[PDB]
Structure formats: structure tokens, C-alpha cells
Amino acid sequence: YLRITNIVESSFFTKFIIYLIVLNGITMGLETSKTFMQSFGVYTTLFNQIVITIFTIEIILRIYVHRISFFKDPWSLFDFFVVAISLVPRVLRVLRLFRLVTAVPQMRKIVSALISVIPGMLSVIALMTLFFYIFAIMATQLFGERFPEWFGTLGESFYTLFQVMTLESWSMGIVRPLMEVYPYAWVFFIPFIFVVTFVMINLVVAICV
Amino acid sequence: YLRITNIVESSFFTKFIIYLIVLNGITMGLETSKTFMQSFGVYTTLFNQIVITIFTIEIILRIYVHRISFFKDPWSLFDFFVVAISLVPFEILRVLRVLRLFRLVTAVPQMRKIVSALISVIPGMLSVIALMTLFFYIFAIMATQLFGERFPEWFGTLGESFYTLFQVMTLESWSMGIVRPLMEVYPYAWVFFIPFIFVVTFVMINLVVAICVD
Amino acid sequence: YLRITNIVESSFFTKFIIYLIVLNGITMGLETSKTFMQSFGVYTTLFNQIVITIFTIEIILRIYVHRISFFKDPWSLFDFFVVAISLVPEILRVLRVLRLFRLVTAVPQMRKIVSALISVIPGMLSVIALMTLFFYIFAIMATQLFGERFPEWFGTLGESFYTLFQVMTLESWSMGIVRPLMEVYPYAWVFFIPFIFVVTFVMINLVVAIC
Amino acid sequence: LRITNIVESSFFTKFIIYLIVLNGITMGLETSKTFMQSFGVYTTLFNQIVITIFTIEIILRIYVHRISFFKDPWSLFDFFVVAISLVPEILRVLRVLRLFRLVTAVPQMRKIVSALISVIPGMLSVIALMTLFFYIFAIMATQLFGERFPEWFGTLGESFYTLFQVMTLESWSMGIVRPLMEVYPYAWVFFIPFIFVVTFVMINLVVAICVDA
Ligand SMILES: O=C(NC[C@H]1CCCCN1)c1cc(OCC(F)(F)F)ccc1OCC(F)(F)F
């Protein structure tokens, strides 16, 4: 019993996993090259199953070693799903290259120390969706009639507005043609770009605290 | 009188306000989809009048409870106007009725703080912003009598001189979209525009720092 | 001397100058509309001439009242030159609109704002000079690398400058410049991608240096 | 020991800066084709003198400094930029890097460099995350959109450039993401979150930089 617990939390075992991680990453970085998957595709498709096989064992062990304690450690928890994904018979399997974040304790803090920023802002983030929701409704029934590729859908109003938010081709690509049919659209968007922009500065400042 | 005053400042009423918001939001969030408004549009268009009816009441009561204190409290004040817009049957207002889904910010005491904590920046910046508009005004005049003769779509009007210059501020398509064609007729437009990008940029950065300190 | 000295330093006079500024400002904002200058050009073309006369007088008084003390006050200095520009009887005809900046000078609330931001400039001259050489070294490389086939972008050292600043600003840097370049010189992702890195990394750290 | 006194003189320190600015300015006309027509031969020789003379300073300082020399970064760097210049057209272009040595002689710049380079270590925990994050994502696209959009995502390396471009937000939507949505209408599930994480990272870098120095 306790004999197994010593194998898991050993430096050897953990270090061994991280080696396979770095390796299986390189394996997926050659599954891209058509030339490679031609000559060595057979070599790889099995080699991957070996890895996800070993990772199945470890995650099973990690469960028996931790029992109910396991499904409260996110990194440990997260690792579980990412293999289940890898189990299901194709692109989302590459998420298992995130365990290199989990398996390395130097990263876990960085992720957490940056997710620690998320809560002090959800009061702001939640506001935006409401702000976006009303506007996406306005546009889709304002400009949605003549510019449907941009505003034909409520959701389509989202993508264009978040783009205009990012300031990519907001003027030449969206606002200028809009102003050829609705010449006052410069009253809709110029403030919206200000309103949304004002948020970002005060956030950055609020976080430097 | 005071009997209603207990209903008004009840948590139910406070909680209730936030409820109707969410429904009319979702209801207006289906007033967008053409598909929905076919079978249930009339049922919906009336539901808004139902909504816009009830919303008349709250602001009526809340005023008598607050009297002159009401028309000095911003959050409550705002609440009123959004109904008058919603009250008017120039369709635009029928579209502008959708602002009534903004009141969910007012009723939530967690939100007002969020809003308030950001407006405190304007006074430490109103000294700057007013400078910016003046800066634009002097410059917007320069272009309109410089490039306005051959580029009327971009600089033909002062208002168009504004829009084009305010765009270059954002750096969106400023070079290939604006300055490069300018340099085909007036090869020095980079003397107008390259510095203008500096000052305008330094202001906004120096503004952020002024906010970073406070 | 002392007889005039009471007119100069009055609050009234200060208030009076700012009136013509705001007046000449809004007045200068309609000299753009072609329609007006036909029906009202004489009213306007002269009103400018009226003002620039008065400001010539004031600047004469302000000089004699302060004498050598005048030519050490920045705000005072600028105001003078902007009238000299305005004095010359077609580029300058546009540069006359700079006289709408004196509203910054006459208002003591502005002078602080401008200066307190020019007060940041010295703490950055150590940084800025590095970039120019960095910019200068690179413009030489491109102009003799890609300048042969891309003359609109890199035919001249100065043209390499404009492209680099433009690339530095991130406007159409990739699709407009780097992508077509990589169709003839497939390694242009080695020239510019670092230039985007170094230049960008500086600006963040600079704001931080000021923050 | 006779030469050693010349090197660390204030004259000599200043003296290097003379040839830099001159060779810098001289290369600013080796660039202009117009000048190099009438003065090219006049120009081509001045460089060889400099690239010869510039060898000496780094030669002397080494015997003066010995093993102390190859532990001072600025001292180290100075050599390679000359060694590059020595090898007899990319190299002929890379010779112009020799105008960087002006950084060595001037102590006012190094402080900015050092005081800024200092904020690069406390973040490598973040940057390496980004490279991995890009790596996972660059793989996803390249086998997602690589089939129909190869100039943008046909190769992992091409996914890099396209993703690093979208990071800067240059023509990411109209130029890259919007056409993607005509065949794969779900590319906004790949790209919209990717836009969030990468952006949030850059902010957090700032926070780390705000605090550090
Ligand atoms: O703002 C950004 N671009 C818009 C501005 C900048 C100038 C061009 C157009 N205007 C921006 C740029 C970034 O480049 C990161 C680097 F690639 F350098 F690493 C990262 C995050 C950004 O922020 C996005 C936000 F905040 F706008 F949403």
C-alpha cells in the first residue's frame, strides 16, 4: 500500500513523466510535417498510445494515492480530463502538452499568480457582457439590415464590435462604409471606442497595485 | 404613503427590479433574432409594453419618497430618463428603448462602486482631455485647408478632418491607408503626421501614468 | 514704462486676450468652409488682420515691461514667434492657426499641464537617443537589402525610416510589408520579427520607468 | 605596459567614439547610391582603415584585461561585432553592426540597458509559458486550417508568423480570421480566446515590470 505512495511522489517518477511530456510534444510537432508522417507515421501512431498508456497509469495511481483529495487539486484535476480527451477517438489531444505546466511546480504558481488577477476584475468583466449585449442588439437591428456579414446576427454584432474594440480595421473596414448609408454612425462608435478603452487603462492601473 | 414606502425600499422590490431587467434583456435579446419575432413577435412587442408599463411606476414612487434628494442622486436620476426614451412610442427610440437593460447596473450596489471608482479619473484628466480637443481643433483646421482640396473624402470637412485625424490617433490604417497616398501628392505630409502621432501618443501614455500614481 | 505697466499685468487684459483667442479660434474654424469666405471673407480676412495687430501691440508692451526678463519665460517666448509667423503675408497661411495655441499660454492651468509633461522629457532623453541609432543602423541594412526591389518602401534611407516607424507602430506591418517581402526574400521574418520584439519591449519598460 | 596607459585615458575613451560616428556617418552614404557613385572609392577605403584600427583597441584591452576581459559583457560583445566585420552579401551588410560599439564607451547608456535588461529574468517564467502556449496552439491551427489556408497555416513555422501577427492585432480579423470563418465558421473559437490569453499575458508582464524596477 504505502509502498506505492513512495513510488508516485518520488523525484524519479515525476521527472520521468516530464521527460515523456517534452518528448510527446516533439512527436506532435512532427505529426505536422507530411513528409515525416509518411515515412514514420506508423512509428508514431503507436508511440503516442504508449505515452497516453503510461499517463493513464500515473493518473490512476495519483487517484489511489490521493483518493478524494485528488479532485480538489486543479492541476491534478485538470490533468485528468486532458487524458480523457486524449482517450476519445483528434486535435484536442494536443492539450496534453499543458501538463508540462502542471508537472512543473515552477509554473503552477505563475498560472495561479496570474489567475489571482482574475477575481479583482470580474466586477468589470461581467459589466462588459451587458454592455456588449445591448449594443449587439442595437447594431443587429440598426446596421444588420444593410451589412449582414458584419451585423446580420446578434453574435455577428459581437465579432465586429470586439474587432472594433481591438481597433483592427475598425474605421476603414467598418465605420467608413457604415457612414456611407448611415452618416451619423460616427456618433455610435467613436464613444463606444472611448467607453471600452477607458476600461482597459483603469484595469492596468488597478492591477499594478 | 409610507405603507408603499416599505414596499419601495424592500429587498423584494430591489430584487424585483433586477428581475424584469433580465427578462426584457433576454426578451430584447430575442427581439433581435428575426426567426423568433415571427411566431412570438406580437406576444413579445406587447411584453415590452407590459415591461415599459411597470417601469413607469417605480420611478414615480421613488421620487415622492426622495423628493428633491432624488434629482441630485446620479444613479437614481439616470433611471428616470431611460424610461422617457422607452416611453415614447423616427423609430430610433423604439431601438433606443433597449437602453432600459442598463438599469441592472444601478440596482446592484456592487456595480455603482465599480462605475464610481473609474469616473474619479476624469478630474485628474479633464485638464488633459480639454487640451486634447484644443490640440485636435488647431490641427483639424490645418489639414482641411492643406489637403482638403484634393482629398475631400478624408479631409473635405472639419468634421471629416476630425474623424480622419482621430483615426490616425488610434493608429488604425494611419500609414498605408492615410499618409502614403498623401505622400503621392504632398510628399511632406509626414511632417504633419509623424509629429502629431508623437504628441497625441505622449499625452495618452502620460495620462495613464498620472492614473497609475493615483 | 510705468504708465503702461498697469495695463499689462491687469487681470482684465489677460481676460481680454483670451476673448479674442476663443473668438479668433472659432472664427478660424470657419475660414475652412469655402462658402463663408465668399460672402463673409472680407469680414473674416480682416478680423484676423485686426487681431494680429492687437497681439503685435501687446507683445510690444509685454517686452518693454519685462525687457530681458521676457526672453527667458518659455510661455512668453512661444507667443511672440507665433505672431511673427502670423505676420508674414502659402504654407504659413496655415501655420497662422498656431496662434490658437496661446490659449495654453494665457491660461495658467494649461502651462502646468504642458510643463509637467515636458518635465518627463528629460528622464527619457537617455532612452530616446538609443532608439535613433538603433533605427539608424537598421534603415541602412534594409535600404541596401530590400531597397532594390521595394523602392517605395526601402529605396532611400529615409524611406527605410518611414517603413520602420510604421512597422514599429504595428500598422500593416505584416500583411503590408513583411508578407510580400517574404515572397521574394523568405527570411524577412528574421529581420523584422526581432525589430518588433526589441522596439516593443522597450516601450513597455519605458512606461514602467515613468510609472 | 607602455600602451596600457593610452587605453584608459579620457582621450582614448572619447577617441573610439570619433571613428564610430565617422564610420557610422560614412556608412550613411555607402547606403545612398547617389554619393557612392562619385565618392564610392573615396568611401570604400575609409572603412578598411576603421575596421583595421578598430581591431587594435580590442587587441590591447585584452592583454590589459586578460581573463577579466571575457567576463565583462560589453567587452565581450565588442569583439564579435568586429569579427563579423572581418569575414569577407549578408555579411557585407552585417558589417554595419560595428556602429554599436558606441554603446561600450558611453557609460550613460549601459545603465539604461542594464537597468532594463534586469527586468528580463524575473519574467522568463512567463515568456517560456508563452512559447509553449504558442506551441500548443500553433500545432492546433496547422492541422486545422493548414489544409485550405497554407500560406497562413500550411507549416508550423507559417502558423508561428500568422499567430505572432494576430498577437500584434495587425489585420488579424479581416486579413486572417474573417476569411477563415467562410470555410471553418468556428475559427472564432480558436482565435477569440487566444486573443484573450495572449493579451492578458502581456498585461501581467507589465505588472511584473511595474513592480520589479
Ligand atoms: O493595443 C494593442 N494594439 C492596438 C494599438 C497598438 C498600436 C497599433 C494599433 N493600436 C496591443 C498590442 C500588443 O502587441 C503585443 C506584442 F506583439 F508586441 F507583443 C499586445 C496587446 C495589445 O492590447 C490589445 C488591446 F489592449 F487593445 F486590447
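Residues numbered from 1 in each chain as written, not as in the entry; some residues may be left out. Chains lettered and ligands numbered in written order. Heavy atoms only, no water. Residues with missing side-chain atoms left out of burial classes, pairs and counts.

Regarding how it was determined, this PDB entry cites X-ray crystallography in its header, along with a resolution of 3.455 Å.

Enquirer: Please provide a residue-by-residue account of the overall build of chain B, values included.
Expert: Scanning chain B from terminus to terminus reveals 13 helices and 0 strands. Along its sequence from the N terminus, chain B presents helices and strands in the succession α-α-α-α-α-α-α-α-α-α-α-α-α. Computed over C-alpha atoms, the radius of gyration of chain B comes to 24 Å, more than 25% over the 17 Å expected from 2.2 N^0.38 for 214 residues, which places it beyond the range of a compact globule. Principal-axis analysis of the C-alpha atoms places the extent of chain B at approximately 75 × 50 × 25 Å. (Helix = DSSP H or I, 4+ residues; strand = E, 2+ residues; numbered from the N terminus. Rg over C-alpha atoms; globule rule 2.2 N^0.38 Å.)

Enquirer: So what about the overall build of chain D? Which residues, and what values?
Expert: The secondary structure content of chain D amounts to 13 helices and 0 strands. Walking chain D from its N terminus toward its C terminus, one meets helices and strands in the order α-α-α-α-α-α-α-α-α-α-α-α-α. What you see for chain D is a C-alpha radius of gyration of 24 Å, clearly larger than the 17 Å of a compact globule of 213 residues, by over 25%. By its C-alpha atoms, chain D is 75 × 50 × 25 Å across when sized along the principal axes.

Enquirer: Give a detailed account of the pattern of salt bridges, specifying residues and quantitative values.
Expert: Residues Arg62 of chain A and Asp79 of chain A are paired through a salt bridge, measuring 3.8 Å at the closest nitrogen-oxygen approach. Linking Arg62 of chain A in helix α4 (residues 41-66) with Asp79 of chain A in helix α5 (residues 74-87), this pair joins segments that are 17 residues apart in sequence. For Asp79 of chain C, the salt bridge identified is with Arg102 of chain C, shortest N-O distance 3.1 Å. (Salt bridge = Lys/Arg side-chain N within 4 Å of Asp/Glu carboxyl O.)

Enquirer: Run through the domain arrangement of chain B, naming residues and quoting values.
Expert: Residue and element names in this part refer to chain B. Looking at the assigned domains, one finds that chain B contains domain 1 (1-109) and domain 2 (110-214). Taking the mean C-alpha position of each, domain 1 and domain 2 sit 37 Å from one another. Across the contact, 6 residues belong to domain 1 and 6 residues belong to domain 2. Of the residues that constitute the side of domain 1 that touches domain 2, the class distribution is 5 nonpolar, 1 polar and no charged. (Domains from an automatic or database assignment. Contact = heavy atoms within 4.5 Å. Nonpolar A, V, L, I, M, F, W, Y, C, P; charged D, E, K, R; others polar.)

Enquirer: Can you explain the domain arrangement of chain D? Please cite residues and give values.
Expert: All names here are of chain D. Looking at the assigned domains, one finds that chain D contains domain 1 (1-107) and domain 2 (108-213). Contact with domain 1, which involves 6 residues of that partner, is made by 6 residues of domain 2. Looking at which element gives the most residues to the side of domain 1 that touches domain 2, the answer is helix α7 (residues 102-105), with 3 residues. Residue composition of the side of domain 1 that touches domain 2, grouped by class: 5 nonpolar, 1 polar and no charged.

Enquirer: Describe the interface of chain D and chain A, and please don't skip the residues or the numbers.
Expert: Opposite the 29 residues of chain D that make contact, chain A presents 32 residues. Elements supplying a minimum of two residues to the side of chain D that touches chain A: α9 (124-142), α12 (173-183) and α13 (187-212) of chain D. The biggest single contributor to the side of chain D that touches chain A is α9 of chain D, with 10 residues. A class-by-class count of the residues in the side of chain D that touches chain A yields 21 nonpolar, 6 polar and 2 charged.

Enquirer: An account of the interface of chain A and chain B is requested, with residue identities and associated values reported.
Expert: Think of interface size as the accessible area that goes away when the parts come together; that is how it is often given. With 29 residues of chain A at the interface, the matching set in chain B holds 32 residues. Broken down by secondary-structure element, the contributors of at least two residues to the side of chain A that touches chain B are α8 (122-142), α11 (171-178) and α12 (185-208) of chain A. Looking at which element gives the most residues to the side of chain A that touches chain B, the answer is α8 of chain A, with 12 residues. Each residue belonging to the side of chain A that touches chain B can be placed in one class, and the counts come to 21 nonpolar, 6 polar and 2 charged.

Enquirer: How would you explain the packing of helix α9 (residues 123-146) of chain B against helix α11 (residues 158-170) of chain B if you had to name every residue and give the values?
Expert: Residues and elements named next belong to chain B. Following both chains from N to C, one finds α9 and α11 inclined at 115°, their axes separated by 9 Å at the closest point. Between α9 and α11, the interaxial angle falls into the category roughly perpendicular. Once α9 is placed against α11, the crossing between them reads as right-handed. Counted together, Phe136, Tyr137, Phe139, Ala140, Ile141 and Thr144 of α9 and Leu158, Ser161, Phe162, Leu165, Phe166 and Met169 of α11 form the full contact between these two elements. (Axes fitted to C-alpha atoms, helices over the stretch in contact; angles between N-to-C directions. Parallel < 35°, antiparallel > 145°, perpendicular 65-115°, else oblique. Left-handed = near helix turned anticlockwise from the far one by under 90°.)

Enquirer: Mind laying out unusual backbone geometry, listing which residues take part and the relevant values?
Expert: Of note, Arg67 of chain B is a non-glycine position whose phi angle comes to about 55°, a positive value. Positive phi is not limited to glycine here, since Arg66 of chain D has a value of about 55°. Considering the arrangement of structural elements, one finds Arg66 of chain D in the loop between α4 (40-65) and α5 (73-86).

Enquirer: With reference to specific residues and values, describe the environment of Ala140 of chain B.
Expert: Looking at the secondary structure, you find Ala140 of chain B in helix α9. In the structure, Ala140 of chain B is positioned 17 residues away from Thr157 of chain B in sequence and 9.2 Å away in space, judged by C-alpha atoms.

Enquirer: Just give me the short version of the state of the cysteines, but keep the residues and values in it.
Expert: The disulfide bridge from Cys208 of chain A ends at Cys210 of chain D, spanning 2.1 Å between sulfur atoms. A torsion of -90° about the S-S bond marks the disulfide between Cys208 of chain A and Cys210 of chain D as left-handed. A residue pair is termed interchain when its members come from two chains, as with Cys208 of chain A in helix α12 and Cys210 of chain D in helix α13. (Disulfide = S-S within 2.5 Å.)

Enquirer: Could you give an account of the side chain of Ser160 of chain C, with specific residues and numbers?
Expert: All names here are of chain C. Here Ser160 is to be found in helix α11 (residues 157-168). Of note is the side chain of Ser160, whose polar atom sits 3.5 Å from the backbone nitrogen of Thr143. The residues contacting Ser160, other than those within four sequence positions of it, are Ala139, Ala142, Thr143, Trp153 and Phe154. (Polar contact = N/O pair within 3.5 Å; in protein donor to acceptor, adjacent residues only side chain to side chain.)

Enquirer: Just give me the short version of the arrangement of the chains, but keep the residues and values in it.
Expert: Of all 4 pairs of chains sharing an interface, the pair with the highest contact count is chains A and B. Separated in space, chain A and chain C share no contact, their closest pair of C-alpha atoms being 9 Å apart. Of all C-alpha pairs spanning chain B and chain D, none lies closer than 9 Å, and the two are not in contact.

Enquirer: I'd love a proper account of the packing of aromatic side chains, names of residues and values included.
Expert: Arranged with centres 6.5 Å apart and planes meeting at 70°, the rings of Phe78 of chain A and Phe98 of chain A form a pair that is edge-to-face. Geometrically, the ring pair formed by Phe151 of chain B and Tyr186 of chain B is tilted, given 6.1 Å between the ring centres and 50° between the ring planes. Of this pair, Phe151 of chain B sits in the loop between α9 and α10 (152-155) while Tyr186 of chain B sits in the loop between α12 (175-185) and α13 (189-213); the two residues are 35 residues apart in sequence, bridging distant segments of the chain. (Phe/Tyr/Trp six-rings, centres within 6.5 Å; stacked < 30°, edge-to-face > 60°.)

Enquirer: Tell me about the side chain of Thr169 of chain C, residues and numbers included.
Expert: With respect to the secondary-structure elements, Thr169 of chain C resides in the loop between α11 and α12 (174-184). Contact partners of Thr169 of chain C, with chain neighbours within four places excluded, come to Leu171 and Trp174 of chain B.

Enquirer: Provide a residue-level description of the packing of helix α2 (residues 11-28) of chain C against helix α4 (residues 41-66) of chain C, including the pertinent values.
Expert: Residue and element names in this part refer to chain C. Their axes nearest at 11 Å, the elements α2 and α4 cross at an angle of 150°. One finds that α2 runs roughly antiparallel with respect to α4. Handedness of the crossing formed by α2 with α4: left-handed. On α4, the residues touching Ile17, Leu20, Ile21, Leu23, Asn24, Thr27 and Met28 of α2 are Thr44, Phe47, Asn48, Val51, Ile54, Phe55 and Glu58.

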